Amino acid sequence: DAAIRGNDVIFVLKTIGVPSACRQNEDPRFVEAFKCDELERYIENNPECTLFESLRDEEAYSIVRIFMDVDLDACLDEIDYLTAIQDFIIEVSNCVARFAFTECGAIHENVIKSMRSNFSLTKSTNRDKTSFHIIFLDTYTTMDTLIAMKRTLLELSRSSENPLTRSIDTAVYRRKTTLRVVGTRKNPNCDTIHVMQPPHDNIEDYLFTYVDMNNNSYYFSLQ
């Protein structure tokens, strides 16, 4: 669609708690904008880095991929994890598609198809928990739409018997929100990272602000 442009510049914060003025003035001690190949190189050259992806100017442009931060503070047997991931995709796509259909004028079947057909999953290396980020690579909305969906997702987490669905962290749907970049640390005191998982090997597949639509992409927003 002519009214939808993409984004290939990834804005990252370099620590937790970056002051708003430093985001706005782009103080390089705190923030930097990268193309994906430059971001990969920065990570390789700064192995202590703690990077957090965020929208550079959400008032001007706020198209994002649907993403979830799943924070289960428990171990799962491998078979239970695999079954739960499959069920999670069904439950979450059904819930987003219903919301998109009723609140966004969306084509329900296109939300279902786009979300189920292409998503990336990280895995936290902390084996005492079941923590991951999921990005629906081909399902796009605006951040304000995700904020409007926050309570619907909260209610889904409270009604589900799936331990992963119950662990969706809905606090991430907010202005100036961040998602820690795959492969990087949270703080200088914790060495655990999220790793990529097959079949997605490219960093752009793990970024919620990277927008490169094609005919498989589906976009919806509040209407």
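Sequential numbering from 1, following the sequence displayed.
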Worksheet item: Averaged over C-alpha atoms, is the B-factor higher for 152 to 160 or for 64 to 72 in this PDB entry?
Response: 152 to 160
Item to complete: Select between 20 to 28 and 204 to 212 the stretch whose C-alpha atoms have the higher average B-factor in the entry.
Response: 20 to 28
Worksheet item: For the listed residues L82, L146, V92, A100, which one has the largest C-alpha B-factor as given in the deposited model?
Response: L82
Worksheet item: Relative to the other modelled residues in the chain, which third contains the C-alpha temperature factor of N187: lowest, middle or highest?
Response: highest
Worksheet item: Taking the C-alpha B-factors as the PDB entry records them, is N45 in the lowest, middle or highest third of its chain?
Response: highest
Discussion item. Using the temperature factors of the C-alpha atoms in this entry, rank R116 within its chain: lowest, middle or highest third.
Written reply: middle
Worksheet item: How does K123 rank on Cα B-factor within its chain, lowest, middle or highest third?
Response: lowest
Item to complete: Would you mind checking where the Cα B-factor of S54 ranks among the modelled residues of its chain, as the lowest, middle or highest third?
Response: lowest
